[PDB]
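What follows is a set of notes on a single structure, which appears directly below.
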Protein chains: 2
Amino acid sequence: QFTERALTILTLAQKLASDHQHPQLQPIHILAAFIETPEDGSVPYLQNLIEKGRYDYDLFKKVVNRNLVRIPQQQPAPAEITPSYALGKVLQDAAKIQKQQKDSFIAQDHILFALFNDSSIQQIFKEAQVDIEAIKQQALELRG
Amino acid sequence: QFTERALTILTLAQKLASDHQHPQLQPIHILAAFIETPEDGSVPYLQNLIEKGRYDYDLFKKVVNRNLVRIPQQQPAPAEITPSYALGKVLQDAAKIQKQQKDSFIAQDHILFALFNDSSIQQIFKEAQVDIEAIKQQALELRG
């Protein structure tokens with residue numbers, strides 16, 4: 001169903017829900033999953049669609065981290081719990097994208113689009129992902 | 001007129017106005033033109049007057065980005081209307097500098113100087129490129 005890249009990200013997203021002991025996996029954790037670590041090879045974060053688009057990867061991260069703090073940290077029994085309805089929607093939307101794109105396995109990139117569409121970092125100090133034109137152009141230019 | 005080095009910067013500035021879908025070119029886009037890409041020979045950014053003037057050019061880039069995100073609109077059809085009276089003044093100032101220097105063409109050195117005369121950071125302890133006197137101290141190491 002999912003590519004090795006998407007699986008890496010979702011493994012990490014679910015992992016993060018348990019690492020930060022959150023009540024549920026949220027779009028924030030997937031964004032955080034994309035920000036695995038500032039690895040030079042980090043396609044979804046250092047080399048991503050936002051940094052080469054409109055906003056600084058370092059600041060984007062700090063917002064996401066603030067959101068990881070804002071999502072309550074709970075005991076191991078209430079911790080993690082679920083993938084969440086929110087992502088049931090994001091990932092199903094990523095699947096729709098796969099069909100649009102003629103790709104048999106879910107790309108982490110498709111997750112980035114579905115994910116980004118739900119999220120919105122509406123700070124006056126906006127870090128909200130650059131919209132779809134910059135995101136898509138940069139996605140199309142990946143590797144190749 | 002302008003030579004290729006100045007034209008590159010000027011071209012980039014106008015491009016940047018369109019990269020931000022803004023109706024007009026502003027001093028901020030030119031400052032952004034000064035800091036495009038990490039190519040050392042670019043006096044406007046790396047082997048610059050800024051480092052020699054004891055300033056952090058990446059911090060300055062953060063300042064520029066902080067200002068770029070404050071551009072009031074990114075509307076597509078409204079984009080690319082004018083170079084702006086503000087920069088009319090700057091480019092006219094560059095011409096004044098050419099007269100001051102007996103120079104048959106505007107180099108990036110001149111276009112830098114002209115904007116710097118009209119540039120600012122709305123900051124007391126500006127992290128801006130070093131002020132004009134230093135700009136001259138180091139700019140005058142170029143050509144002759």
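Identifiers in this document derive from the order of the structure tokens: chains are assigned A, B, ..., residues are numbered from 1 separately in each chain, and ligands are numbered from 1 in order of occurrence.
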
For residue 139 of chain B, find every residue with an atom within 9 Å (counting only C-alpha atoms), except residues of its own chain fewer than 3 positions away, and show them as a PyMOL selection string.
chain B and resi 43+48-49+109-110+113+134-136+142-143

Counting only C-alpha atoms, which residues from chain A have an atom at most 9 Å from any atom of chain B, and could you show them as a ChimeraX atom specification?
/A:54-56,124-126

Using N, CA and C atoms, can you write the selected residues to a file as a compact mmCIF listing (two decimals), in the first residue's frame?
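Now in part_30.txt:
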```
# COMPACT_ATOMS: atom_id res chain seq x y z
N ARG A 54 9.04 29.04 -0.03
CA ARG A 54 8.85 30.33 0.62
C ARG A 54 9.39 30.45 2.06
N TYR A 55 9.47 29.36 2.83
CA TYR A 55 9.79 29.55 4.26
C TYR A 55 10.97 28.72 4.76
N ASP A 56 11.70 29.28 5.73
CA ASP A 56 12.89 28.69 6.36
C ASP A 56 12.61 27.40 7.14
N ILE A 124 1.37 35.27 12.43
CA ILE A 124 1.68 36.48 11.64
C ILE A 124 3.05 36.25 11.01
N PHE A 125 3.87 35.52 11.76
CA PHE A 125 5.16 35.04 11.36
C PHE A 125 4.85 33.73 10.66
N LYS A 126 4.21 33.82 9.49
CA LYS A 126 3.70 32.62 8.84
C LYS A 126 4.77 31.65 8.51
```

Go ahead and align chain B to chain A (same sequence, so just pair every C-alpha in order, least squares) and export the moved chain as a short mmCIF file (atom, residue, chain, number, x, y, z; two decimals) with N, CA and C atoms, in the first residue's frame.
```cif
data_model
loop_
_atom_site.label_atom_id
_atom_site.label_comp_id
_atom_site.auth_asym_id
_atom_site.auth_seq_id
_atom_site.Cartn_x
_atom_site.Cartn_y
_atom_site.Cartn_z
N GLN B 1 -0.39 0.83 -1.65
CA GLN B 1 0.05 1.19 -0.30
C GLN B 1 1.16 2.23 -0.32
N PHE B 2 1.96 2.24 0.73
CA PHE B 2 3.05 3.17 0.88
C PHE B 2 4.37 2.48 0.63
N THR B 3 5.33 3.21 0.08
CA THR B 3 6.66 2.63 -0.06
C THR B 3 7.46 2.97 1.18
N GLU B 4 8.70 2.54 1.19
CA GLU B 4 9.56 2.68 2.36
C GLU B 4 9.84 4.12 2.75
N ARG B 5 9.95 5.01 1.78
CA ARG B 5 10.24 6.39 2.12
C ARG B 5 9.03 7.00 2.88
N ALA B 6 7.82 6.73 2.37
CA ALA B 6 6.60 7.24 3.01
C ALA B 6 6.37 6.55 4.33
N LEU B 7 6.64 5.24 4.36
CA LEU B 7 6.47 4.47 5.57
C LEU B 7 7.40 4.95 6.64
N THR B 8 8.60 5.37 6.26
CA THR B 8 9.50 5.87 7.27
C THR B 8 8.85 7.08 7.93
N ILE B 9 8.34 8.00 7.12
CA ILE B 9 7.71 9.18 7.69
C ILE B 9 6.48 8.85 8.51
N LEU B 10 5.68 7.93 8.01
CA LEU B 10 4.46 7.55 8.69
C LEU B 10 4.80 6.85 10.01
N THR B 11 5.82 5.99 9.98
CA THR B 11 6.28 5.28 11.15
C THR B 11 6.76 6.28 12.17
N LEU B 12 7.54 7.25 11.71
CA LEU B 12 8.03 8.27 12.60
C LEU B 12 6.89 9.04 13.18
N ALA B 13 5.87 9.35 12.39
CA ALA B 13 4.78 10.12 12.94
C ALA B 13 4.12 9.35 14.07
N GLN B 14 3.88 8.05 13.87
CA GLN B 14 3.23 7.30 14.93
C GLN B 14 4.17 7.19 16.13
N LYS B 15 5.46 7.03 15.86
CA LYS B 15 6.44 6.93 16.92
C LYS B 15 6.40 8.20 17.74
N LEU B 16 6.34 9.34 17.07
CA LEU B 16 6.32 10.62 17.71
C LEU B 16 5.08 10.75 18.58
N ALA B 17 3.95 10.22 18.14
CA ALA B 17 2.80 10.27 19.03
C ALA B 17 3.15 9.53 20.31
N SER B 18 3.86 8.40 20.19
CA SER B 18 4.25 7.70 21.40
C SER B 18 5.41 8.39 22.12
N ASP B 19 6.25 9.14 21.41
CA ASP B 19 7.37 9.83 22.04
C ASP B 19 6.84 10.93 22.94
N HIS B 20 5.66 11.43 22.57
CA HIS B 20 4.95 12.44 23.34
C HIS B 20 3.84 11.82 24.16
N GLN B 21 3.84 10.48 24.28
CA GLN B 21 2.86 9.72 25.06
C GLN B 21 1.43 10.16 24.81
N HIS B 22 1.10 10.50 23.58
CA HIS B 22 -0.22 11.00 23.32
C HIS B 22 -1.11 9.85 22.82
N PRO B 23 -2.38 9.76 23.25
CA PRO B 23 -3.36 8.80 22.77
C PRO B 23 -3.56 8.76 21.26
N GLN B 24 -3.34 9.87 20.58
CA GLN B 24 -3.55 9.81 19.14
C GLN B 24 -2.52 10.54 18.33
N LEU B 25 -2.39 10.07 17.11
CA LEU B 25 -1.53 10.72 16.15
C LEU B 25 -2.21 11.95 15.57
N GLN B 26 -1.54 13.10 15.62
CA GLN B 26 -2.11 14.32 15.10
C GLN B 26 -1.24 14.85 13.95
N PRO B 27 -1.77 15.71 13.06
CA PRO B 27 -1.02 16.36 12.00
C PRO B 27 0.31 16.92 12.48
N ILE B 28 0.36 17.39 13.73
CA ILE B 28 1.59 17.94 14.27
C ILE B 28 2.69 16.90 14.41
N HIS B 29 2.32 15.65 14.62
CA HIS B 29 3.31 14.61 14.78
C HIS B 29 3.83 14.27 13.42
N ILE B 30 2.96 14.36 12.43
CA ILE B 30 3.45 14.11 11.10
C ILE B 30 4.38 15.23 10.69
N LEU B 31 4.01 16.48 10.98
CA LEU B 31 4.90 17.57 10.62
C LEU B 31 6.23 17.34 11.33
N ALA B 32 6.17 16.90 12.58
CA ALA B 32 7.37 16.56 13.30
C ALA B 32 8.10 15.40 12.59
N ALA B 33 7.36 14.45 12.02
CA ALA B 33 7.99 13.35 11.27
C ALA B 33 8.72 13.90 10.08
N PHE B 34 8.16 14.95 9.46
CA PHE B 34 8.80 15.54 8.31
C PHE B 34 10.15 16.09 8.75
N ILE B 35 10.19 16.71 9.93
CA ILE B 35 11.46 17.20 10.43
C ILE B 35 11.98 16.44 11.63
N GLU B 36 12.67 15.34 11.33
CA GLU B 36 13.24 14.45 12.31
C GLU B 36 14.69 14.75 12.65
N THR B 37 15.51 14.68 11.61
CA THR B 37 16.95 14.71 11.73
C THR B 37 17.57 15.45 10.56
N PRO B 38 18.72 16.10 10.73
CA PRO B 38 19.40 16.86 9.69
C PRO B 38 20.16 16.04 8.67
N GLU B 39 19.41 15.27 7.90
CA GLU B 39 19.93 14.45 6.82
C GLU B 39 19.46 15.04 5.51
N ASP B 40 20.37 15.72 4.81
CA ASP B 40 20.09 16.57 3.64
C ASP B 40 19.09 16.02 2.62
N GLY B 41 19.24 14.77 2.24
CA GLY B 41 18.37 14.15 1.23
C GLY B 41 16.89 14.11 1.66
N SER B 42 16.61 14.41 2.92
CA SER B 42 15.26 14.42 3.38
C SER B 42 14.52 15.60 2.83
N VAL B 43 13.82 15.35 1.75
CA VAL B 43 13.01 16.34 1.08
C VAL B 43 12.01 16.98 2.06
N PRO B 44 11.38 16.23 2.99
CA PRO B 44 10.53 16.77 4.03
C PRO B 44 11.17 17.84 4.95
N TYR B 45 12.51 17.94 4.99
CA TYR B 45 13.18 18.89 5.88
C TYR B 45 14.29 19.77 5.32
N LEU B 46 15.33 19.19 4.71
CA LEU B 46 16.49 19.99 4.28
C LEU B 46 16.59 20.25 2.79
N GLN B 47 16.85 19.24 1.94
CA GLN B 47 16.85 19.51 0.49
C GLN B 47 15.40 19.44 0.05
N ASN B 48 14.68 20.41 0.55
CA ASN B 48 13.26 20.46 0.56
C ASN B 48 12.61 21.45 -0.35
N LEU B 49 11.31 21.42 -0.26
CA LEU B 49 10.44 22.27 -1.03
C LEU B 49 10.39 23.63 -0.32
N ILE B 50 10.69 23.59 0.98
CA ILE B 50 10.60 24.73 1.88
C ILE B 50 11.65 25.78 1.54
N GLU B 51 12.91 25.36 1.42
CA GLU B 51 14.02 26.24 1.09
C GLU B 51 13.82 26.73 -0.31
N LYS B 52 13.44 25.84 -1.21
CA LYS B 52 13.24 26.27 -2.57
C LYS B 52 12.12 27.30 -2.63
N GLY B 53 11.13 27.14 -1.76
CA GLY B 53 9.98 28.02 -1.63
C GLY B 53 10.28 29.30 -0.82
N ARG B 54 11.57 29.51 -0.49
CA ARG B 54 12.12 30.64 0.25
C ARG B 54 11.71 30.73 1.72
N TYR B 55 11.50 29.58 2.35
CA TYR B 55 11.20 29.51 3.77
C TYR B 55 12.30 28.88 4.60
N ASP B 56 12.35 29.30 5.85
CA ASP B 56 13.28 28.78 6.84
C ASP B 56 12.75 27.53 7.54
N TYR B 57 13.28 26.38 7.17
CA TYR B 57 12.84 25.10 7.70
C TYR B 57 13.15 24.91 9.18
N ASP B 58 14.09 25.67 9.72
CA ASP B 58 14.40 25.55 11.13
C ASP B 58 13.42 26.40 11.89
N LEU B 59 13.04 27.51 11.31
CA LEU B 59 12.03 28.34 11.93
C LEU B 59 10.76 27.53 11.95
N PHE B 60 10.45 26.88 10.83
CA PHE B 60 9.28 26.03 10.80
C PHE B 60 9.41 24.97 11.89
N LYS B 61 10.57 24.33 12.03
CA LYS B 61 10.72 23.39 13.14
C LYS B 61 10.42 24.06 14.48
N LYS B 62 10.75 25.35 14.66
CA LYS B 62 10.43 25.98 15.93
C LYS B 62 8.92 26.05 16.04
N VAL B 63 8.23 26.30 14.93
CA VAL B 63 6.78 26.36 14.96
C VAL B 63 6.23 25.02 15.37
N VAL B 64 6.78 23.97 14.78
CA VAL B 64 6.33 22.64 15.09
C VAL B 64 6.54 22.35 16.55
N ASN B 65 7.71 22.69 17.08
CA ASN B 65 7.97 22.44 18.48
C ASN B 65 7.01 23.23 19.36
N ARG B 66 6.69 24.46 18.96
CA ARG B 66 5.78 25.29 19.73
C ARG B 66 4.42 24.63 19.77
N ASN B 67 4.06 23.96 18.69
CA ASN B 67 2.82 23.25 18.66
C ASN B 67 2.91 21.92 19.43
N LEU B 68 4.05 21.23 19.37
CA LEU B 68 4.18 19.95 20.07
C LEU B 68 4.07 20.12 21.57
N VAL B 69 4.62 21.20 22.10
CA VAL B 69 4.55 21.39 23.55
C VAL B 69 3.12 21.71 24.02
N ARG B 70 2.21 21.98 23.08
CA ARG B 70 0.83 22.30 23.41
C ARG B 70 -0.04 21.04 23.40
N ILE B 71 0.57 19.88 23.18
CA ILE B 71 -0.17 18.64 23.24
C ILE B 71 -0.67 18.48 24.68
N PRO B 72 -2.00 18.34 24.89
CA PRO B 72 -2.66 18.33 26.19
C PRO B 72 -2.24 17.24 27.17
N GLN B 73 -1.67 16.15 26.69
CA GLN B 73 -1.25 15.13 27.65
C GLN B 73 -0.11 14.30 27.15
N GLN B 74 0.65 13.83 28.12
CA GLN B 74 1.77 12.93 27.95
C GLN B 74 1.61 11.77 28.92
N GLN B 75 0.40 11.29 29.10
CA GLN B 75 0.16 10.22 30.07
C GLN B 75 0.52 8.86 29.46
N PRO B 76 1.41 8.06 30.09
CA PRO B 76 1.87 6.76 29.62
C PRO B 76 0.80 5.75 29.22
N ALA B 77 0.01 5.27 30.18
CA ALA B 77 -0.96 4.22 29.85
C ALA B 77 -1.95 4.65 28.75
N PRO B 78 -2.49 5.90 28.74
CA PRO B 78 -3.35 6.44 27.68
C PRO B 78 -2.73 6.52 26.28
N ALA B 79 -1.41 6.46 26.18
CA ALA B 79 -0.74 6.63 24.89
C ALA B 79 -1.06 5.54 23.87
N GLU B 80 -0.94 5.89 22.59
CA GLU B 80 -1.08 4.94 21.47
C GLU B 80 -2.43 4.24 21.34
N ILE B 81 -3.48 5.01 21.15
CA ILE B 81 -4.82 4.48 20.98
C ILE B 81 -5.20 4.45 19.50
N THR B 82 -4.95 5.56 18.80
CA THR B 82 -5.39 5.66 17.41
C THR B 82 -4.50 6.51 16.49
N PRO B 83 -4.49 6.23 15.17
CA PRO B 83 -3.90 7.06 14.14
C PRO B 83 -4.70 8.35 13.90
N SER B 84 -5.93 8.41 14.43
CA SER B 84 -6.89 9.52 14.34
C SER B 84 -7.60 9.70 13.01
N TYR B 85 -8.89 9.99 13.10
CA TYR B 85 -9.74 10.28 11.95
C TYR B 85 -9.13 11.41 11.11
N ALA B 86 -8.42 12.32 11.78
CA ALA B 86 -7.83 13.47 11.13
C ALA B 86 -6.83 13.02 10.11
N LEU B 87 -6.11 11.96 10.44
CA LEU B 87 -5.08 11.51 9.57
C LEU B 87 -5.59 10.40 8.70
N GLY B 88 -6.75 9.87 9.07
CA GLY B 88 -7.42 8.93 8.21
C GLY B 88 -7.62 9.72 6.94
N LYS B 89 -8.22 10.90 7.09
CA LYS B 89 -8.47 11.81 5.98
C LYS B 89 -7.19 12.06 5.18
N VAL B 90 -6.10 12.39 5.86
CA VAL B 90 -4.85 12.66 5.15
C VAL B 90 -4.34 11.47 4.37
N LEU B 91 -4.35 10.29 4.97
CA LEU B 91 -3.83 9.13 4.28
C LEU B 91 -4.76 8.77 3.12
N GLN B 92 -6.06 9.00 3.30
CA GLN B 92 -7.02 8.77 2.24
C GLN B 92 -6.74 9.77 1.13
N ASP B 93 -6.37 10.99 1.50
CA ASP B 93 -6.05 11.99 0.51
C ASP B 93 -4.82 11.54 -0.24
N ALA B 94 -3.85 10.94 0.46
CA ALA B 94 -2.66 10.48 -0.24
C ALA B 94 -3.07 9.47 -1.29
N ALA B 95 -4.01 8.58 -0.94
CA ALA B 95 -4.47 7.61 -1.91
C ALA B 95 -5.10 8.32 -3.11
N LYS B 96 -5.82 9.42 -2.87
CA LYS B 96 -6.43 10.16 -3.97
C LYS B 96 -5.35 10.70 -4.89
N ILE B 97 -4.23 11.10 -4.30
CA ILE B 97 -3.15 11.66 -5.09
C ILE B 97 -2.56 10.56 -5.95
N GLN B 98 -2.47 9.35 -5.40
CA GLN B 98 -1.90 8.25 -6.15
C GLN B 98 -2.72 8.02 -7.40
N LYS B 99 -4.03 8.18 -7.26
CA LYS B 99 -4.90 7.98 -8.40
C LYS B 99 -4.64 9.09 -9.40
N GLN B 100 -4.49 10.31 -8.91
CA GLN B 100 -4.25 11.48 -9.75
C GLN B 100 -2.95 11.35 -10.54
N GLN B 101 -1.96 10.71 -9.94
CA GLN B 101 -0.64 10.51 -10.53
C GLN B 101 -0.38 9.16 -11.20
N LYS B 102 -1.36 8.24 -11.18
CA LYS B 102 -1.16 6.86 -11.66
C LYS B 102 -0.02 6.14 -10.92
N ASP B 103 0.15 6.44 -9.64
CA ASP B 103 1.22 5.86 -8.84
C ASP B 103 0.86 4.64 -8.00
N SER B 104 1.59 3.55 -8.24
CA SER B 104 1.40 2.27 -7.54
C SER B 104 1.79 2.28 -6.05
N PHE B 105 2.45 3.33 -5.60
CA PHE B 105 2.83 3.44 -4.20
C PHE B 105 2.90 4.88 -3.74
N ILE B 106 2.67 5.10 -2.45
CA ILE B 106 2.77 6.43 -1.86
C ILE B 106 4.20 6.69 -1.43
N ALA B 107 4.81 7.73 -1.99
CA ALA B 107 6.18 8.13 -1.68
C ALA B 107 6.13 9.23 -0.67
N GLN B 108 7.28 9.62 -0.13
CA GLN B 108 7.27 10.70 0.84
C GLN B 108 6.74 11.96 0.15
N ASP B 109 6.89 12.02 -1.15
CA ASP B 109 6.47 13.16 -1.92
C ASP B 109 4.95 13.31 -1.85
N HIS B 110 4.27 12.18 -1.84
CA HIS B 110 2.83 12.15 -1.86
C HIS B 110 2.31 12.40 -0.46
N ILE B 111 2.99 11.79 0.53
CA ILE B 111 2.49 11.89 1.89
C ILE B 111 2.70 13.34 2.34
N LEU B 112 3.77 13.98 1.84
CA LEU B 112 3.99 15.38 2.14
C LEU B 112 2.86 16.19 1.61
N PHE B 113 2.54 15.97 0.34
CA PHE B 113 1.51 16.73 -0.31
C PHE B 113 0.18 16.59 0.42
N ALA B 114 -0.18 15.34 0.74
CA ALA B 114 -1.46 15.09 1.40
C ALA B 114 -1.56 15.80 2.74
N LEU B 115 -0.50 15.77 3.52
CA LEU B 115 -0.63 16.46 4.77
C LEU B 115 -0.70 17.93 4.53
N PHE B 116 0.10 18.41 3.59
CA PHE B 116 0.14 19.83 3.34
C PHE B 116 -1.26 20.31 3.03
N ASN B 117 -2.03 19.53 2.26
CA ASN B 117 -3.40 19.90 1.96
C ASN B 117 -4.23 20.10 3.24
N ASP B 118 -3.97 19.28 4.26
CA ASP B 118 -4.66 19.39 5.54
C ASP B 118 -3.87 20.09 6.66
N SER B 119 -2.68 20.59 6.35
CA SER B 119 -1.84 21.23 7.36
C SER B 119 -2.20 22.68 7.59
N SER B 120 -1.70 23.23 8.68
CA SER B 120 -1.81 24.66 8.89
C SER B 120 -0.90 25.12 10.00
N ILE B 121 -0.64 26.40 10.01
CA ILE B 121 -0.06 27.07 11.15
C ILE B 121 -1.09 28.09 11.48
N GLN B 122 -1.48 28.20 12.72
CA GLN B 122 -2.46 29.21 13.05
C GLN B 122 -1.75 30.56 13.19
N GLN B 123 -1.38 31.08 12.02
CA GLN B 123 -0.56 32.26 11.78
C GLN B 123 -0.99 32.90 10.45
N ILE B 124 -1.09 34.23 10.39
CA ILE B 124 -1.44 34.85 9.11
C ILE B 124 -0.29 34.74 8.12
N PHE B 125 0.86 35.25 8.53
CA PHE B 125 2.03 35.23 7.68
C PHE B 125 2.76 33.95 7.95
N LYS B 126 2.14 32.88 7.52
CA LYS B 126 2.65 31.58 7.89
C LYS B 126 4.07 31.38 7.48
N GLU B 127 4.84 30.82 8.41
CA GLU B 127 6.23 30.42 8.21
C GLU B 127 6.28 28.95 7.82
N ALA B 128 5.12 28.48 7.41
CA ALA B 128 4.82 27.14 6.98
C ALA B 128 5.54 26.82 5.73
N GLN B 129 5.62 25.55 5.44
CA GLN B 129 6.16 25.18 4.17
C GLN B 129 5.38 25.97 3.15
N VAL B 130 6.05 26.36 2.10
CA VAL B 130 5.44 27.13 1.04
C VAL B 130 4.16 26.45 0.60
N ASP B 131 3.16 27.24 0.26
CA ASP B 131 1.87 26.70 -0.10
C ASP B 131 1.95 25.73 -1.25
N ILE B 132 0.89 24.94 -1.36
CA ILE B 132 0.72 23.90 -2.34
C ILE B 132 1.16 24.20 -3.76
N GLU B 133 0.93 25.39 -4.29
CA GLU B 133 1.32 25.52 -5.69
C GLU B 133 2.83 25.39 -5.82
N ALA B 134 3.57 25.92 -4.85
CA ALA B 134 5.01 25.82 -4.91
C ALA B 134 5.40 24.40 -4.56
N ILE B 135 4.63 23.79 -3.67
CA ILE B 135 4.93 22.42 -3.33
C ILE B 135 4.94 21.61 -4.60
N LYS B 136 3.95 21.83 -5.46
CA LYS B 136 3.92 21.14 -6.74
C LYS B 136 5.06 21.59 -7.64
N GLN B 137 5.39 22.88 -7.65
CA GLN B 137 6.46 23.33 -8.54
C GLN B 137 7.75 22.60 -8.25
N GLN B 138 8.02 22.36 -6.97
CA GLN B 138 9.26 21.71 -6.64
C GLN B 138 9.09 20.19 -6.49
N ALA B 139 7.94 19.74 -6.04
CA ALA B 139 7.73 18.31 -5.87
C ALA B 139 7.77 17.64 -7.22
N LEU B 140 7.33 18.34 -8.26
CA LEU B 140 7.32 17.79 -9.59
C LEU B 140 8.70 17.72 -10.23
N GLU B 141 9.74 18.14 -9.50
CA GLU B 141 11.10 17.99 -9.97
C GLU B 141 11.59 16.59 -9.61
N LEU B 142 10.80 15.89 -8.80
CA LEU B 142 11.16 14.59 -8.29
C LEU B 142 10.51 13.50 -9.14
N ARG B 143 11.23 12.40 -9.35
CA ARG B 143 10.70 11.27 -10.11
C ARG B 143 10.11 11.76 -11.44
N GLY B 144 8.81 11.58 -11.65
CA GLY B 144 8.20 11.98 -12.91
C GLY B 144 6.94 11.18 -13.20
#
```

As a VMD selection string, please: every residue in segment 21-144 of chain B that a backbone DSSP assignment puts in alpha helix (DSSP H).
chain B and resid 27 to 34 49 to 52 57 to 68 85 to 101 108 to 118 132 to 139
